DNA sequence: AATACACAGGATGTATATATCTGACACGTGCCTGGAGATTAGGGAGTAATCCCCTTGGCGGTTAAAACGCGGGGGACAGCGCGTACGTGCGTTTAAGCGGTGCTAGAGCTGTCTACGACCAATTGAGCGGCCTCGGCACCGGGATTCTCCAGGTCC
DNA sequence: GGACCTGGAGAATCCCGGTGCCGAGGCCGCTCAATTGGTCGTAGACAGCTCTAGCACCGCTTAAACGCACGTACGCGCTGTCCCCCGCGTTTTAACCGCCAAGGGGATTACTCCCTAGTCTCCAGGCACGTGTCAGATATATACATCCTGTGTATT
Ligand SMILES: [Zn+2]
């Protein structure tokens, strides 16, 4: 666990953009996408670990993530609750 | 009580535009702004009047307006509650 | 059987789930399809 | 081994009552379960707030009706209000 | 018909921080609304945390976790410090 | 001979500074009150309004409109222009989620 | 003599249709899981994750990225273009309120 | 005979026809007014798709009839 | 006589008594009336029946019998009021609707 | 021979009133002892921060009283407070002075 | 001989100082409802102890996907010319706004009194967990149709 | 000669059968949570009264809205260039599926006891009125600060 943000490879971002409907992609989009994804993940995982620590647990469950997303305004259907 | 939407004169829309930071304004912005304002007011007044109807009252108060705004993510400070 | 359409007014086959003419999807028993 | 309640059987019964020859997958059932839970919690919270505003201590069918009239769009709200009124009237006139 | 609000406490805090400064009525109303909003947000988050954890009691730990979940960055750290100090002062004095 | 005439742009900037420095209602109060009464007339007949309710409605409406115009200006600047057109409002309201 | 070569802009539309009809996960699972473990390390030492947790995180993140790209495409088309650039992403994130 | 064509767009196009007239002439009159060729024109009335080889009287079309036009491409 | 569940009495399928218990123990008020669970059960039943009926019609088109998340996703996003009600919801394994802007399409007559 | 709990906690905000509001507010079946104290302390700190900033703003503007304009300025100029109050509008508050660079004649 | 560019002067606009006068804030007084203190008691939550399900680390092989390189075409971006659509300013026109008076509808409280919801104990059936199949759906294989794309013919 | 038109080749996707695995679906046994019956207190409906404040109307200033004229700057269309990204190919690389092994920690059960709900008594903190001074709003007069047009003249 040293540097894995680069694991979101260029073809993966291209595929996600294709599902988004984008025809042509400039060469500077990949760093921007990586930064945006990192920020989103940081927020959600911070909330999830806060819930996990309050419950005196050591394992992050699916309900922790669902609640973290629920408080952030993006509810998720298909994992419980 | 007819065509009272026209009471929002062009100088008023220009004044509201200036406070937002706008320099040049096209000649077809005023109708768009009137439509936007009408839809927004329809939503808020609908919520306020149904709050008033549940309370078995015949007067729309400031608390009803604040509650209508609160349930739309538009919290207002300075009229109580 | 069949199901009439609120848009194209053309009767559609019972075992059809869209209008073969105006492409409007089959509506629910209570709520009818929109203008478009 | 410990009981864990859900809305599965009621969703399945309504599905069979609408589509006699159609099944459902596990993930789709989970999604419908979450949908029903979300609707319940939304309406209950709105009714609670609206009862507290008027300095009342009980929530009744009128509060649920007003919450439905507040939370749903037009046609959906109208049909749900009709369904609720019919259900309550049938429930009252039976012993 | 005794209505109540937070006016006197906000005035006392203001005079504690700025001895020679006043406040208008509409600023008073805005501060009242701000206080009520903060109270309701933290109370609702603590209630949700209690319900999630299969408990029926709201304690200081629920309020601490709610404040951490609701306030950003430095605000949360300073609020947590203030709450811990207030509780540990209230406990030591019978 | 020729009266003093400012070039196009100076008076607009002057007005921008003026109305960004002040905090007063920019729509005449009575026409807005009449509009409010018109809109509510279609939800309940013989309704009555407290004055503070009308003031709250006006404050919220002005805040919303100023924010929308700010977003419209940003979108217009993105498209390499200075003027605002209805398509800018439409793009801002589409991205926001109001349509 | 010349091997078949599609004109630029035709394989892209095919990819758009293909990925707009499917409902799979477009990111490799193992690198995303490693990224999740790296980010969560900065908050608590020696954490553990349920498989459902990682799956929910991945699904939510991909939905968010697809929505962002939709808005970015709208912004790029607004400026009379076809190619998306970081300006469009920044304008979308500014208007959305992030 | 006066007939109104209630196109799905929302326009009530009006034309003059004859009770024994063929559907082809009725279709051609729309092309005269709008420009839509008869090949691309679809006419809906009482859940029946008219054919150019038939006539108005064959479909039991009475006075003040209302028709619908659908573009199928 | 024999016991008769309140759900059967009200002519519903969703559990009136279970919803009553959830209302009672959910910290919503001091008291809960009698008709409130009945009204709530009717509303939830109707809102579930609409989605299930549309999803069934969608599934039958695809020459399938088993309902999957994709059918629900399509039914919700294509309806206007249903989309409005669920505008801030993400459905796992649902995908997106097919949509390509007109300017990106190639030359058309 | 009665000492208020607010005085004991070292606070200026009420404690018994907040305890009553929690008890009757339908938040749980029970309310602990230190919960109202913690809540009151947090609210007092937030109010003190906002009032200090607004008072500094008014003094620099050559005033004695605080008006909503000063509150709006202090709130919107602080990143943490702006994030905490991202959904709230202040009546008679105005807006920050902001004009885009490309609109200026240079 | 030409043309730009800094300078000088007129000119509006804004910022500063000074007098005044009015209404909103700050303080005092009285009292009444709500917080504090003491005492009782039942259950919520802490805590030790046990079992086993699920998470983590490891190794091997198979192969699709990611990484690197190359050739060219469609698009991004700069530059220029036109024209028309807003911005600025001036002379009328309309209607908001301030002040005042008069009417009464409807909020807001107070006093009764009964129907309705909470609480408890017993008991019976609805709903959950574990099992055991089959038929829907996924995957493979093969051919058939649809959709691009460039190389020549011919007409304008 | 060049642009419009077409034909043939080629790649990609779709339709049709055939085989196989496992997840949905119905059953069986149990057990606990919904139901029935009775008791008891109070929340809420209903009526009656008081009095704030919302509505309507009038009358007069006077700033704001309105209509028109003129010109200039900006929006839009067109053209040309060049380098960046797309499509395809070949060589690496690490994701993925499969087993096996170990133990940390979620989940549950039983026991003890402290903390909070509920009650009554007492009294002072906090609120509603009432009153009066001064901060701020408004009017007036200088004085500084950007905006614009015209010109001298030096550079080219
Ligand atoms: Zn149809």
Inter-label distance, nm, simple model (7 Å from Cα along the C-beta direction), residue E:55/residue H:40
7.0 nm
Using only Cα atoms, find the angle between the long axis of helix D:26-53 and the longest principal axis of chain D, and express it within 0 to 90 degrees, rounded to the nearest 10.
10 degrees
For residue H:51 paired with residue D:9, estimate the spin-label separation in nm (one decimal), with each label point 7 Å from Cα along the Cα-to-Cβ line.
5.7 nm
For the protein assembly as shown, what is the mean residue ellipticity at 222 nm derived from helices alone (per DSSP H run of n ≥ 4: -39500 (n - 2.57); sum divided by total residues; nearest 500 deg cm²/dmol)?
-18000 deg cm²/dmol
Given a Förster radius of 22 Å and the C-beta distance between residue F:30 and residue B:72 as r, what FRET efficiency does 1/(1 + (r/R0)^6) yield to the nearest 0.05?
0.25
Cα axis of helix F:51-78 to longest principal axis of chain F: angle in degrees, 0 to 90, nearest 10?
30 degrees
Cα centroids of the range E:1-35 and the range C:15-34: how far apart, whole angstrom?
60 Å
Measuring from label point to label point, each 7 Å out along Cα→Cβ, what is the residue B:9 to residue G:50 span in nm?
6.4 nm
How far is helix G:29-41 tilted, in degrees, relative to the longest principal axis of the Cα atoms in chain G, given as a value from 0 to 90 rounded to the nearest 10?
50 degrees
Give me the mean projected area, in nm² to one decimal, of the convex hull enclosing the Cα positions of the protein assembly as shown.
54.0 nm²
Rounded to the nearest 0.05, FRET efficiency between residue B:26 and residue H:64 (Cβ-Cβ, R0 51 Å) equals 0.65
The distance between the Cα centres of the range D:68-95 and the range G:46-98, in whole Å, is 40 Å
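Because the Cβ atoms are built from the backbone with ideal geometry, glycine has one as well, and the counts that use them run over all protein chains shown. Bear in mind these aren't lab numbers, they're just calculated from the coordinates by the rules spelled out.
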